[PDB]
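Novice: Got an experimental structure here, sequence first:
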Amino acid sequence: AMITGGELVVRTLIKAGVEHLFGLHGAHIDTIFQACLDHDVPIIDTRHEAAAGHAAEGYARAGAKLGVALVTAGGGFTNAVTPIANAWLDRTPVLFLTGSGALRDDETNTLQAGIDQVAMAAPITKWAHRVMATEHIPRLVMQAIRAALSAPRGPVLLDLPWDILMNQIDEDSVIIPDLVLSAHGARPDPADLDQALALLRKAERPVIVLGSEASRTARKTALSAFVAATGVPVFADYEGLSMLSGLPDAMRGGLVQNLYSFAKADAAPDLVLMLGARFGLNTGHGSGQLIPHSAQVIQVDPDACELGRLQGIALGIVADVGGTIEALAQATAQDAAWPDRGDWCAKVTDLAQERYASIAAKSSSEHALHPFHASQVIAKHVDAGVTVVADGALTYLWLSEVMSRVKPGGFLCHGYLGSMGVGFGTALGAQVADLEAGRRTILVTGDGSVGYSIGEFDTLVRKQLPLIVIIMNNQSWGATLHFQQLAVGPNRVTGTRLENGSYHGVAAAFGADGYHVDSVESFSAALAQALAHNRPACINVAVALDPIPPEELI
Amino acid sequence: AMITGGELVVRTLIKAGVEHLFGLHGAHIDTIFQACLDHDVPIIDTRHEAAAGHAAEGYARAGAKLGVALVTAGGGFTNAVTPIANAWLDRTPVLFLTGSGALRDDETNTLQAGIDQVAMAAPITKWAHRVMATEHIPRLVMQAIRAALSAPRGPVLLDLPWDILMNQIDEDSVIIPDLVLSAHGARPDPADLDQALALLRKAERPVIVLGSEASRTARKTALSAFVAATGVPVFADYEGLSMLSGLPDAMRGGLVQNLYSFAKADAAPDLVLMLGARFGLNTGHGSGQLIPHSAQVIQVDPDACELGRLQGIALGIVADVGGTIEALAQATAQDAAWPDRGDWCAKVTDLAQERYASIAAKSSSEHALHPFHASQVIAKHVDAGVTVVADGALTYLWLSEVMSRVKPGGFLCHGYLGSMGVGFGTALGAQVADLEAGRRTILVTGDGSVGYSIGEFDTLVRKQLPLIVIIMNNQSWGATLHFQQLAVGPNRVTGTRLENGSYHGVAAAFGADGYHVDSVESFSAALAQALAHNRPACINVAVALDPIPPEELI
Amino acid sequence: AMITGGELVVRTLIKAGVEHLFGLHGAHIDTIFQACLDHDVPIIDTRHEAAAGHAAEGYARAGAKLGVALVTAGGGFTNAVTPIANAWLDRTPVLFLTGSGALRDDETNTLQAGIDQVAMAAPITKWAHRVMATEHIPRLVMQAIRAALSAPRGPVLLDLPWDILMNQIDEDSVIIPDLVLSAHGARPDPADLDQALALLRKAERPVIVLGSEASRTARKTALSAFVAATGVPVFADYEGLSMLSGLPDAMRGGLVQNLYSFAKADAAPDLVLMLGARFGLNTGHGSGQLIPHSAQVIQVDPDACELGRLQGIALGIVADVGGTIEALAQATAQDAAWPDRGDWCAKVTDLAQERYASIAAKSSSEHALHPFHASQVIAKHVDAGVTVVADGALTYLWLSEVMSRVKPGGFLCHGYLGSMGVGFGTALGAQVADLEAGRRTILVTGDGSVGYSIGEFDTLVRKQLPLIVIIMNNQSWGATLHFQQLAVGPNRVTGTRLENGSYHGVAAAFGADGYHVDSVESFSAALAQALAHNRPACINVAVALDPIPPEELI
Ligand SMILES: Cc1ncc(C[n+]2csc(CCOP(=O)(O)OP(=O)(O)O)c2C)c(N)n1
Ligand SMILES: Cc1ncc(C[n+]2csc(CCOP(=O)(O)OP(=O)(O)O)c2C)c(N)n1
Ligand SMILES: Cc1ncc(C[n+]2csc(CCOP(=O)(O)OP(=O)(O)O)c2C)c(N)n1
Ligand SMILES: [Mg+2]
Ligand SMILES: [Mg+2]
Ligand SMILES: [Mg+2]
């Protein structure tokens, strides 16, 4: 009946519904490991704390739920900082649990103690705090979880000293609370909703744009009923893309990027409904190249700061994105008198197809495999039973041109942080979530980026996670090499070439299946063979460097 | 005449005497790359910003000079944080140069912008600041350098926005300053020095202990004259060890750890002179197991906080360690009437040898290679022309038992942060410095730890750096597995085994020479063959897990 | 044998030699108040925490020793922040002790809890920390004291939770340490000192400039011997001025400001020795108006960052200022062969006297009392037995013109923070220190500034502290009004007039003697009568607004 602080943590996690953790062992946090072992909660242990943190992200992003990461004092915490920052700008819900030096023997120059871990995380978390008494563990763990899961989602840090964790108390003297927090988000005032719907009804070329908060709550059947009653076409940023997979084809606009050529075609949108999509990198900042200056904008976001930050808007609503979608479907089931919109949907469709065909007529694979042709080979395997993870600059810019006409189960790309390497860990976490849902995970990364976490091939084999890692190999840090040539001069390249190393050989030495290909025919056969086996694999693809993707010109 | 902000940075670095930089490219910092190319200043580009950071540390520590790291905005900075924290606790002088988002278009949700990089670094740097005008670059770069190099040494962060760097100005309108800062440290008041020397003269069993600040200034000929005149035996922590290599053998006490058994032998030190060695992990905290409670203590440190932080002292002096050593030599050349001390030195010598012989009589290699026997094989190659770098827990605890009786050119081990993985990058940086001095670098690391940065084998081959990487392979995260068995129970091991992967195969796929050995004879032949070639190499050593090193009991 | 955490604090303060505290009561810190009552250590309780903090500053500045301030949780701490910031930029040694919410019942939304007080103080202290265990109180109090007192001096924050203070332990189980820290500062390398002295010997027009670090250590007899042997004239900023009071008249240059007119007179200094004086506001930034671009500069400062921050220098030394002065005296006693310098001292003297006479010939008091004439009246009472405190903008700029030819026991003016109002509390603390030394304190302040802390007249009467408060009353926030007229237009004055209120009437209602005067004759009689009484007093002086002081043009 006497129990440890580590037990208290794990009993609270169970009551909150968590089924998996991601981490790397240390003596400071061993009480949490022992408690998980007793209760049959698995911990996926990696080869780097960074990979563990990004895996918690991937699990959250692919499964639309909470992720949990577990690291030790000192370097255990500092190795987790890139994942924390990435989750902060992507609005993704992760609980980071960290060890730290004992409170008794504070300030004694001892092993792994002495860095102010809370101060380091303050600028990049929704909340960050250090626990002062063992009795407080259940209430504070649950409080941290409530902060992460509410709108807008984001990362939280709970710091647990090695004192506080090893301490033993009477289990009968401290209660474990339930997670009591409504699953339904708040919705707009009925007067704001009426105004929004009247604007939508009288528009000639209306458009919808989804962002990350739409993916976090995943209100698919409501979104479907709303789109079916109004006939309004829908676009998304990277993180919102998979929310379009269940819509009828005639209302699928794709990624926001191909709103670019609408102006030069006399087809600039009339009105745009932004649901959780911010003014920023993915939406063309304040330039008006995608969201026109002449259009009327309705914006819905849980954070008032974002409402028209870079551009004038017509109506600004603070509410939950899922709750709003839900309210739009309800009003629109009573209503049911909506103008046709068949011609406008055809126009949206025709413009996207024009971009695609234009790219295709310019891509050649004589004497070297073109990046666009390589992307096309992946695309024919993409559907509801697949999660796609994208890393590596030039690689994902080319890949995005084939992503609009297919319907992925999940799509996970870079956000605002834009940091090379986060892909490997992200994909590993996603595959853990996809197994319970019956789906396959595929990572598409660059030859530069894969090096950040190449050790994780060992983890894939140890844990038997059948992830497929595809490397687009152009012998260089690609986008950065392009910058030097384009912005400085043809003979001004330094520190950007990578003309060495057999990546498939490295995976083989760790016990995973390795392939090397260099054409449409060989790549096609290798991918089909990898999908047919229930095992991890590495496919090393020789690809040309010279071609410039349309998005790089912007 | 018209020049960029990047040009200004590089012209100032040259005038300060810097000859090498360590980094990873980004478009945000390209102006610094171009300027280095024009001036013939090499940039060593790695596969991870963490490895670049630790390389700057290694260059500084092995060469007794300034280290310089160079990283891009966003993830470039966040990937550098473990190196920054490590340098902070180790008191090592590194200038961290980082990019950031442009000041114009601040707060626009754009690529790689938005994280408060200065706030993140504040708790772990001597100084941290963001540059506001291109004109300020020379004076601020030089100010950052002065902060890093003065006592006690430490890391500094200079944040340079991509605005401020691309900007062009008239070279005639801003002046580049010299580095004007005395090379000699401040020294004690003559009355304090007299008091210290009178205490030393009347002691029966005096002892000296050196810390990191002795290595940073490297006053070797002065230390030699002082020890030769007084006959007082000298000990050191890990970072101070190489400062003992030029002393006569009769006054070499070795690492502080073997002061442990002095009390049970009626030989507890009478008086101890601490020169830059703090009360903390390496010196036994406040327990009195190494620095006795009954001894009189003289402490010299540039930070008043450290003076008797965990224990009562007799005399507390704030001054520079190098300046103090220099002042002790000068007073002791005039003086020259010192008591014998021959018997006491013999006693110190005999106790260290007793420890060694006791370990040796207990180590067996029947059916598996013993970690102590493997350390012995390395030891016969260690002298003035070699730098040894140590990573990986159980590995370095065993290795330390053979380090006192040899005389290394350099020795680089974990400090207070105690973070697995920092070794690979550290060793890479050290080898760059050793080349100009004509020395070889050897890294000794664990099978767990090597995985953190295994991609750097590629960098070794690309740059032709002949570093030898030795992996002590016990199929596990060793020390942590020991904790579970010893502190919880024999059947309570989880998350600590690593029974997969061919590490020598991985190095071979990156283009480096790979060996696998499992006995005294085979390991011996492989190491000799690797030293005979001017090329990088990996030696994978199968070693037993069960033996417990003496230090792990403490 | 059972004692409280509050007892532990006070027992440690006594052993460190503190004899007075400054504060304001709260229930959270009552254990400290009870302990002071048992041990006969007085606490000076004010009417505002800001006045308590500035009183700790004044006690430290006027007595050349440690100041100690005591405040309660929440608003107790936040009311103390202006004092903390002021001490940070002035390099003044104050220990700030603050209460905070109990660690048990952390994070319960309770009275005065919840603000991160350590994070608020981090950017403006040398050290700031929160105590985690009652046992740690003695070692951490003493550590805080060592940090405040070493070079360069500054403020420190120790946060003591209400939990940790009320807790009782066995007095026999925790030891109270001594304060063991040398009273002598570190000194330059003999080679740097020789170089400095050879430069000084061959100069034609050398000059010395003192700053705050010279006042903190107060090495008067050493300074006197050095100046007497070399014949080199000495200047100072506001904080260094009182260190000139014991020098022979022929070598007294005065405040650095009157180095201004030397260039137009063909007398620009040849060489300047800066002892703790920084490049900044008081020394003319990097403009070369006071410290010439053509001169050779030797700079001595404990912080390497300051060494030539805004201008090229010839020799840069990191050492203690007191230790350096001491070393200069010693070398100069053996030496004794120094060139005359009689002509050059006469030139320095003649230039200062020229400025004074020029001001005097321009000041008229027909129809209103001129600020210069009012300053002259105060000057005839200033000598070794008096401390002068200066506040309020136009007031202190006029006052400074009479300060060079007199020899004050102390002089306390604004530093870099330049914040109106800090004077009243500063003066109150100085008078506490002056009583044990047998000196009188006089505050000279503006009609705007006195309003910040006018309630302290009550404290003066309650405690019987015979401070004289003189108010220069020009019916306005003066310097700011001048700015509007001079920089914007004659009819652009708003928010700067203060044409209401009887300040002498307010002091009388609090029980202090009140006078009102408006001419040379009346002011003269009132001040003489106030000095003749052992009692606090307020003298309200009607003065003209229109005149512009020389320093305001700069
Ligand atoms: C952590 C980090 N370091 C550096 C950069 C700067 N950078 C922009 S793209 C790029 C590399 C792309 O290389 P690779 O992964 O091979 O993809 P490719 O463009 O060659 O397809 C680099 C270095 C970054 N975004 N993040
Ligand atoms: C960054 C970091 N530092 C420290 C730890 C905790 N830790 C203490 S020893 C150890 C690992 C030892 O493994 P290896 O590198 O093979 O050396 P061995 O002890 O097996 O010789 C770990 C993980 C951690 N988990 N992460
Ligand atoms: C706390 C603070 N508030 C405001 C200011 C701006 N300020 C500079 S001079 C001045 C006021 C001068 O008023 P007074 O005390 O009457 O002195 P006078 O100039 O009339 O001699 C003010 C308000 C400041 N420096 N600090
Ligand atoms: Mg590439
Ligand atoms: Mg191991
Ligand atoms: Mg006024």
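Specialist: Yes, it's here. Numbers count the residues shown, from 1 in each chain, chains lettered A, B, ... in the order given. Ligands and ions are numbered 1, 2, ... in the order given.

Novice: and residue A:316, that's in a strand?
Specialist: Yes. When DSSP: H, G, I helix; E, B strand; the rest coil is applied, residue A:316 is found to be in a strand.

Novice: got the contact list for the spatially most central residue of chain A?
Specialist: Geometric centre of chain A, nearest residue: residue A:412, 4.5 Å, by C-alpha atoms, centre = their mean. By C-beta atoms under 8 Å, 6 or more residues apart in numbering or on different chains, residue A:412 lies in contact with A:58, A:61-62, A:239, A:387-390, A:426-427, A:430. For the C-beta atoms, the positions are set from N, CA and C on the backbone; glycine is no exception.

Novice: Ligand 2 contacts on chain A?
Specialist: A:24-26, A:72, A:75-76, A:79 (C-beta under 6 Å from any ligand atom).

Novice: Make CSV from those residues and add secondary structure to it.
Specialist: Shown next, in CSV, are those (three-state DSSP):
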residue, secondary structure
A:24, coil
A:25, coil
A:26, coil
A:72, coil
A:75, helix
A:76, helix
A:79, coil
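
Novice: Filtering those by proximity to chain B, which remain?
Specialist: Among the residues of chain A next to ligand 2, proximity to chain B is found for A:24-26, A:75-76, A:79 (C-beta under 8 Å from any C-beta of the partner chain).

Novice: most surrounded residue in the residues you listed?
Specialist: residue A:24 (28 neighbours; other C-beta atoms under 10 Å in any protein chain shown).

Novice: quick one: that one and residue A:45 touch, right?
Specialist: Yes. Here residue A:24 lies in contact with residue A:45, judged by C-beta atoms under 8 Å, at a distance of 5.9 Å.

Novice: Are stretch A:86-104 and ligand 1 in contact anywhere?
Specialist: No. With C-beta under 6 Å from any ligand atom as the criterion, ligand 1 is not reached by stretch A:86-104; the gap is at least 10.4 Å.

Novice: how far does that stretch stretch from start to finish?
Specialist: 34 Å (C-alpha to C-alpha, to the nearest Å).

Novice: Check the offset of it from the chain's centre.
Specialist: A distance of 18 Å separates the centroid of the chain from that of stretch A:86-104, by C-alpha atoms, centre = their mean, to the nearest Å.

Novice: Buried residues, that stretch. List them.
Specialist: A:86-103 (16 or more other C-beta atoms under 10 Å in any protein chain shown).

Novice: In strands only, show me these.
Specialist: A:94-100 (DSSP state E).

Novice: which of these lies closest to ligand 4?
Specialist: Checking those against ligand 4 with C-beta to the ion, the nearest one is residue A:94 at 28.6 Å.

Novice: so what's the closest one up against?
Specialist: Residues near residue A:94 by C-beta under 8 Å, 6+ apart: A:53, A:56-57, A:60, A:66-69, A:83-84, A:87, A:148, A:155-156.

Novice: how about a cut-off of 6 Å?
Specialist: By C-beta atoms under 6 Å, 6 or more residues apart in numbering or on different chains, the residues touching residue A:94 are A:56, A:60, A:67, A:87, A:155.

Novice: Helix, strand, or coil at the second one?
Specialist: What it means is residue A:60. Once three-state DSSP is applied, residue A:60 turns out helix.

Novice: Roughly how far does it sit from residue B:530?
Specialist: The gap separating residue A:60 from residue B:530 is 46 Å, by C-beta to C-beta, to the nearest Å.

Novice: Enumerate the residues of the stretch 451-554 of chain A near chain B.
Specialist: Within reach of chain B by C-beta under 6 Å from any C-beta of the partner chain, the stretch 451-554 of chain A has these residues: A:451-452, A:454-455, A:458, A:461-462, A:480, A:483, A:494-496, A:500-502, A:505-506, A:509-511.

Novice: for stretch A:186-204, which positions count as buried?
Specialist: Buried-residue list, stretch A:186-204, by 16+ other C-beta under 10 Å: A:187-188, A:192-193, A:195-197, A:199-200, A:203.

Novice: Just the closest residue of the stretch 251-400 of chain A to ligand 3, please.
Specialist: Nearest residue of the stretch 251-400 of chain A to ligand 3: residue A:305, at 30.5 Å (C-beta to the nearest ligand atom).

Novice: Pretty sure that residue sits in a strand.
Specialist: No. Going by three-state DSSP, the assignment for residue A:305 is helix, not a strand.

Novice: Run a quick neighbour tally on it.
Specialist: By other C-beta under 10 Å, neighbour count at residue A:305 equals 9.

Novice: and residue A:390, what is it in contact with?
Specialist: A:396, A:399, A:413, A:444.

Novice: run the last query once more with 10 Å
Specialist: A:238, A:396-397, A:399-400, A:403, A:411-414, A:423, A:426-427, A:442-446 (C-beta atoms under 10 Å, 6 or more residues apart in numbering or on different chains).

Novice: ok, now residue A:214?
Specialist: Taking C-beta under 10 Å, 6+ apart as the test, what residue A:214 contacts is A:220, A:223, A:236-237, A:239-240, A:242-244, A:275-277, A:321-322, A:324-325.
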